[PDB]
Amino acid sequence: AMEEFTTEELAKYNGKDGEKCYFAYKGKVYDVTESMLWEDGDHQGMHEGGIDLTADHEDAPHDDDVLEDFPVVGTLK
Ligand code: HEM
């Protein structure tokens, strides 16, 4: 829970080109680089890392309990 990210900063961590795959959810920045469902920063052909995905989670076919297994590494501004 160390670092604070702006929108522009977070956008770098999209899981591609040697960058880790981060996203934001309700102010928290999660690291999902390790998830087999976030390979290359692409989630199910519909979502990409580097973004605040709070709104998009409303349509996900899961509750946000799937986030609990991944570390929060910071805060979105
Ligand atoms: C809207 C389209 C999306 C689809 C179709 C989708 C689909 C899925 C599916 C099918 C699973 C695993 C099966 C299950 O858990 O029921 C999953 C897991 C997961 N989803 Fe999504 N999701 C979407 C959006 C999102 C969003 C917006 C987030 C983050 C805010 C997210 C984060 C995760 C995470 C962290 C996991 C667990 C990954 C793992 O355990 O390795 N998903 N997603």
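Ligands are counted one by one from 1 in listed order, and the atoms in each one are counted from 1 as well. We use all heavy atoms of the structure for the numbers below, so side chains are in, but hydrogens, waters and symmetry mates are not. We number each residue from 1, following the sequence as shown.
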>> Could you work out, for atom 1 (C) of ligand 1, the closest of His47, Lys26, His43 by heavy-atom distance?
In response: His47
> Could you give the distance from NZ (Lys26) to OG1 (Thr75), rounded to the nearest 0.5 Å?
Replying inline: 15.0 Å
>> Going by the closest heavy atom to atom 15 (O) of ligand 1, which one wins out of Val66, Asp63, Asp64, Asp69?
In response: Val66
> What atoms of ligand 1 come closer than 4.0 angstrom to any heavy atom of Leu67?
Replying inline: 35 (C)
> How far is atom 7 (C) of ligand 1 from its nearest protein heavy atom, and which residue and atom name does that atom have?
Replying inline: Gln44 CG, 3.5 Å
> Does some non-hydrogen atom of the protein lie less than 4.0 angstrom from atom 19 (C) of ligand 1?
Replying inline: yes
> Which heavy atom of the protein is the closest neighbour of atom 13 (C) of ligand 1, given with residue, atom name and distance?
Replying inline: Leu37 CD1, 5.0 Å
>> Can you tell me which portion of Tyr30 lies within the under-4.0 Å heavy-atom range of ligand 1? Options are side chain, backbone, both, or neither.
In response: neither
> Should you measure from each heavy atom of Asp56, which atoms of ligand 1 turn up under 4.0 Å away?
Replying inline: 27 (C)
>> Is the contact between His62 and ligand 1 made by the side chain, the backbone, both, or neither, using heavy atoms and a 4.0 Å cut-off?
In response: side chain
> How far is atom 39 (C) of ligand 1 from its nearest protein heavy atom, and which residue and atom is that?
Replying inline: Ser35 OG, 3.4 Å
>> Looking at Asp17, I'd like to know if its CG atom is crowded, meaning that more than 12 non-hydrogen atoms belonging to other residues, nucleotides or ligands lie closer than 6.0 Å.
In response: no
>> Tell me if a side-chain donor or acceptor on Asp63 pairs with a main-chain N or O of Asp65 at a distance below 3.5 Å.
In response: no
> So, is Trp38 polar-close to ligand 1, with some N/O to N/O distance under 3.5 Å?
Replying inline: no
>> Please determine whether the number of non-hydrogen atoms from other residues, nucleotides or ligands lying under 6.0 Å from atom NZ of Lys12 exceeds 12.
In response: no
>> Tell me whether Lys28 at atom NZ has more than 12 heavy atoms from other residues, nucleotides or ligands lying less than 6.0 Å away.
In response: yes
> Going through the distances and angles, do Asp40 and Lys16 end up as a side chain to side chain contact (heavy atoms under 4.5 Å, CB included)?
Replying inline: CA-CA 5 Å; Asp40 201 43; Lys16 295 173 191 293; 3.2 Å; yes
> Which protein heavy atom lies closest to atom 26 (C) of ligand 1, and at what distance to 0.1 Å?
Replying inline: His57 CD2, 4.0 Å
> Taking side chain as C-beta onward, heavy atoms only, is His47 less than 4.5 Å from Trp38?
Replying inline: yes
> What protein heavy atom sits nearest atom 5 (C) of ligand 1, and how far off is it?
Replying inline: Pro61 CD, 3.6 Å
> Would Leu76 and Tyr22 satisfy side chain to side chain contact (heavy atoms under 4.5 Å, CB included), going step by step from the backbone distance to the final call?
Replying inline: CA-CA 11 Å; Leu76 176 58; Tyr22 294 172; over 6 Å; no
>> Any heavy-atom pair between the side chains of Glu48 and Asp42 that's under 4.5 Å?
In response: yes
